[PDB]
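Read the structure below first, then the notes.
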Amino acid sequence: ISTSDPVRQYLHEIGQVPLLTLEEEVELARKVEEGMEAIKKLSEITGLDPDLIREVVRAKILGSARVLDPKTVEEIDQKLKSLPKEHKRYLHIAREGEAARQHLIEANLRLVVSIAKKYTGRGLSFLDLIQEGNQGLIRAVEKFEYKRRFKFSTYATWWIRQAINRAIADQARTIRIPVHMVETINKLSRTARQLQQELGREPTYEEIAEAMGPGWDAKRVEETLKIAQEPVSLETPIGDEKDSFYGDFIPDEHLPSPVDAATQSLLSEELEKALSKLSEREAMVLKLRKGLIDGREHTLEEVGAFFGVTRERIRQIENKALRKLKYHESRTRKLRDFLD
Amino acid sequence: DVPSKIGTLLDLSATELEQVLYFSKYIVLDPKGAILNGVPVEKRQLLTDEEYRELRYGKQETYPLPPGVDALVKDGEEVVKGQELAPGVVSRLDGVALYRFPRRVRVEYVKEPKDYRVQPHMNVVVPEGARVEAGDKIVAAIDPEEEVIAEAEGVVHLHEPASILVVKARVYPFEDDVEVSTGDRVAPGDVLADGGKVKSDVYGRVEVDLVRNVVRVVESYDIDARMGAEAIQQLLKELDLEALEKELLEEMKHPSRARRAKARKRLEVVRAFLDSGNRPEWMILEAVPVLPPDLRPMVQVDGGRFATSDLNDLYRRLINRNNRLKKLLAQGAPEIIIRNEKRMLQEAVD
DNA sequence: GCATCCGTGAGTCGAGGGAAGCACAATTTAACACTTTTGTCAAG
DNA sequence: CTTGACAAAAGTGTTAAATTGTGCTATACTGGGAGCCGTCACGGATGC
């Protein structure tokens with residue numbers, strides 16, 4: 001109806017499909033079941049994958065208005081139509097079953113809208129809930145059985161609510177939380193609300209933990225509440241003018257400050273000057289063992305393979321050069337300030 | 001951004017562009033010889049949902065008869081507009097009228113107007129006016145105890161229809177195996193059954209009825225009409241900027257000032273696209289860029305709380321809708337659900 | 001000729017602002033004996 | 001500059017345990033809800 005209102009447009013679109021009567025509903029469900037059984041028989045006979053045959057039938061039913069390439073679909077269709085009458089019968093039954101499944105799904109969108117209107121305000125918009133319930137409705141149509149003589153709404157409501165609740169658990173938070181943990185958080189909130197209304201005050205973690213049951217203490221309740229903390233927007237306004245936002249007061253502590261880079265460079269320069277007093281080989285040994293050349297620390301055996309010397313002599317010379325550096329530092333005291 | 005660049009290139013108004021993009025009206029890319037209300041359908045024509053449905057699937061209507069009363073029309077008879085179907089209802093379109101759910105079957109035995117009652121969970125498995133030998137099934141049911149069989153040889157007559165379906169189609173009887181299947185699309189001269197003895201005489205969607213063992217071709221056209229940004233992208237891909245520029249230059253000599261102004265605006269857009277080296281279809285996104293996460297950070301404050309930007313929420317909504325659309329397409333969801341999800345995807349991108 | 005739609009409207013500063021279960025299959029993590037290499041210390 | 005052990009910090013397989021992802025529940029249920037004027041005033045542009 002309204003071009004600018006998506007919800008109204010969707011409701012108008014779904015209002016163009018008349019509701020199914022009991023006889024029509026039973027006929028459609030029976031046709032879907034017969035089509036599925038016919039697909040199974042066709043797969044058993046022709047030897048193809050049942051899923052592949054169902055996809056070919058669905059592509060033919062939906063027509064060319066939908067984007068396995070079309071050539072293999074046409075080849076499989078020709079192969080199925082090459083079968084005798086006793087098997088083209090099952091092909092026709094499959095086609096009618098797919099058409100009936102499409103009609104049955106199209107006629108139960110009012111039910112999913114009615115189910116989804118009760119889940120609003122829990123992190124997902126109305127239309128997202130409607131589409132997730134549509135997925136649940138498709139699953140219900142797939143798993144519905146008309147032999148039990150129950151109406152379609154009774155079994156479809158279960159699946160629609162399931163899909164909507166799963167979607168809320170999976171997509172209503174910026175930092176996704178597993179479904180079991182979402183159920184735990186919801187149960188904890190229910191318990192806290194019940195205790196808050198019964199005690200006439202905000203419960204402490206001890207009461208809440210006691211009411212939750214065994215295996216729950218105040219520490220676990222506090223950790224769960226900390227987990228349940230949604231992230232806050234960086235663009236949330238601060239003051240009354242709304243010109244200032246949260247992100248204007250959060251410093252960046254990842255990139256080093258100019259002071260940090262400057263003192264790192266100063267330490268590097270002073271260490272390079274200090275290593276000059278060492279011997280030509282001892283300085284190299286320390287700069288390799290401490291990762292001052294390649295960036296990563298080497299082992300005694302690796303430095304030996306570089307120099308041809310065994311590990312014991314390497315540790316001895318490194319210790320001697322370290323002692324010499326300590327002596328020079330004691331005699332000069334030009335490197336102690338950088339240690340903080 | 002007024003004036004719309006896509007609308008300027010494609011010569012679509014802002015209203016038409018909004019209707020096509022947000023799945024309010026269809027736009028035609030290949031009419032396939034479709035006739036609408038006696039007028040051939042042309043390309044770039046806007047079709048509403050009802051017109052598209054009529055052109056693509058045909059005309060049909062179901063009239064629910066009151067309980068108990070019997071229709072004056074038989075199963076498989078042609079009716080005209082305004083003709084009375086039952087004593088209390090009248091049809092609104094000419095076409096073949098079919099019994100939807102016959103509530104009673106009146107078989108005539110030969111030795112005998114024995115009747116049998118049909119319930120919602122029972123379905124008729126035999127056509128009207130069929131000779132049934134002693135033992136053959138007549139009405140199938142979930143429970144075999146209530147299943148109806150034939151005591152002796154007779155003729156099966158169907159009565160008490162729940163409703164009448166009037167469909168504008170063509171019915172072709174057949175005896176051998178049919179060469180076509182339900183849901184296929186046929187043209188005049190195409191084989192249907194009996195090795196070429198029966199051939200289609202009109203366009204439409206073909207369905208085989210084994211109960212009545214006839215082939216019904218519903219009069220409809222395989223029209224190519226699409227909505228959303230895919231149709232607009234197709235139009236922009238089919239655009240020939242050289243030919244458009246030449247036509248705009250030729251129209252620039254029109255005496256009218258408004259015509260020259262419109263031609264100048266369209267030609268300025270065309271010249272911009274031609275000189276820049278950009279392609280018009282690049283105005284429709286196939287891959288959405290994603291900003292580096294440090295420009296949309298999720299930082300932890302000194303208190304341990306998390307602060308994130310709104311771009312993360314917008315990206316999450318876009319990804320959720322795109323993944324759900326992919327799943328729905330993989331499941332063969334109906335056109336209404338797919339259309340709604342595509343519209344949501346467009347709105348999330350916006 | 002009017003109707004509709006759209007974009008625009010000072011700067012700096014501070015101050016506080018901050019429907020639900022339940023079962024079950026996968027998957028990931030923690031832990032845990034064992035092989036290591038990796039440092040060391042002992043003298044040759 | 002060398003072996004010749006050896007405490008240990010590190011790395012390596014399996015496993016029982018949490019942790020997490022997925023399916024399913026059959027009376028019947030079938031088109032939303034928050035809207036709400038000191039609607040901000042005024043040029044510029046499009047387009048009927």
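Chain identifiers are assigned as A, B, and so on, following the order in which chains appear in the structure tokens; residues are numbered from 1 within each chain, and ligands are numbered from 1 in order of appearance.
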Requested in this report: Name the residues in contact with residue 29 in chain B at a cut-off of 8 Å, using only C-alpha atoms (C1' of nucleotides), excluding same-chain residues fewer than 2 positions from it; report them as a PyMOL selection string.
Outcome: chain B and resi 27+31+43-44+224-226+231+235
Dump of N, CA and C atoms for the selected residues, as a compact mmCIF listing (two decimals), in the first residue's frame:
```txt
# COMPACT_ATOMS: atom_id res chain seq x y z
N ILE B 27 9.29 -4.06 -14.01
CA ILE B 27 9.68 -3.41 -15.25
C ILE B 27 10.05 -4.49 -16.25
N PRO B 31 9.10 -8.72 -23.40
CA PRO B 31 7.67 -9.05 -23.31
C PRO B 31 7.34 -10.46 -23.76
N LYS B 43 8.71 -3.11 -24.09
CA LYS B 43 9.82 -3.08 -23.14
C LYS B 43 9.83 -1.76 -22.37
N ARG B 44 10.46 -1.80 -21.20
CA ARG B 44 10.57 -0.66 -20.29
C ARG B 44 9.21 -0.20 -19.77
N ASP B 224 9.22 -11.54 -19.42
CA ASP B 224 10.40 -11.24 -18.62
C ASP B 224 10.21 -9.86 -18.01
N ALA B 225 9.85 -9.82 -16.73
CA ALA B 225 9.70 -8.57 -16.00
C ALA B 225 10.30 -8.76 -14.62
N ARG B 226 11.10 -7.80 -14.18
CA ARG B 226 11.78 -7.92 -12.90
C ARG B 226 11.71 -6.61 -12.14
N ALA B 231 17.07 -5.49 -12.15
CA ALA B 231 16.48 -5.02 -13.40
C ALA B 231 17.10 -3.70 -13.84
N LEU B 235 19.19 -2.87 -17.24
CA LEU B 235 18.92 -1.74 -18.13
C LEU B 235 20.17 -0.91 -18.36
```
Chain B residues near chain C within 10 Å, closest pair each, using only C-alpha atoms (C1' of nucleotides), as JSON lines:
```
{"residue": "B:1", "atom": "CA", "partner": "C:6", "partner_atom": "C1'", "distance": 9.1}
{"residue": "B:2", "atom": "CA", "partner": "C:6", "partner_atom": "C1'", "distance": 8.4}
{"residue": "B:303", "atom": "CA", "partner": "C:18", "partner_atom": "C1'", "distance": 9.8}
{"residue": "B:305", "atom": "CA", "partner": "C:18", "partner_atom": "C1'", "distance": 9.8}
```
Selected residues written out with N, CA, C and O atoms, as a compact mmCIF listing (two decimals), in the first residue's frame:
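After the write, out_7.txt holds the following:
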```txt
# COMPACT_ATOMS: atom_id res chain seq x y z
N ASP B 1 19.58 11.41 -4.84
CA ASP B 1 20.17 12.73 -5.03
C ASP B 1 19.54 13.35 -6.27
O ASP B 1 19.88 12.99 -7.40
N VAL B 2 18.61 14.28 -6.06
CA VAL B 2 17.83 14.83 -7.17
C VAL B 2 18.72 15.76 -8.00
O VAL B 2 19.47 16.57 -7.43
N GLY B 303 37.17 0.86 32.15
CA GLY B 303 36.29 0.12 33.02
C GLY B 303 35.93 -1.28 32.57
O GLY B 303 35.19 -1.97 33.27
N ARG B 305 34.16 -1.96 29.87
CA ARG B 305 33.02 -1.89 28.97
C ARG B 305 33.50 -1.71 27.53
O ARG B 305 34.60 -1.20 27.28
```
Report task. Identify all chain A residues at most 8 Å from chain D by counting only C-alpha atoms (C1' of nucleotides); ligands do not count. Present them as a PyMOL selection string. Result -> chain A and resi 7+11-12+14-15+19+108-114+117+148+150-151+153-155+158+178+180+309-310+313
Pull the closest atom pair for each residue of chain D that gets at most 12 Å from chain B, along with the distance in Å to one decimal, counting only C-alpha atoms (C1' of nucleotides), ordering rows by chain and then ascending residue number, as a tab-separated table.
```
residue	atom	partner	partner_atom	distance
D:44	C1'	B:2	CA	12.0
D:45	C1'	B:2	CA	8.5
D:46	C1'	B:3	CA	7.3
D:47	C1'	B:13	CA	9.9
D:48	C1'	B:13	CA	11.5
```
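The spacing separating CA of residue 244 in chain A from CA of residue 309 in chain B amounts to 14.4 Å.
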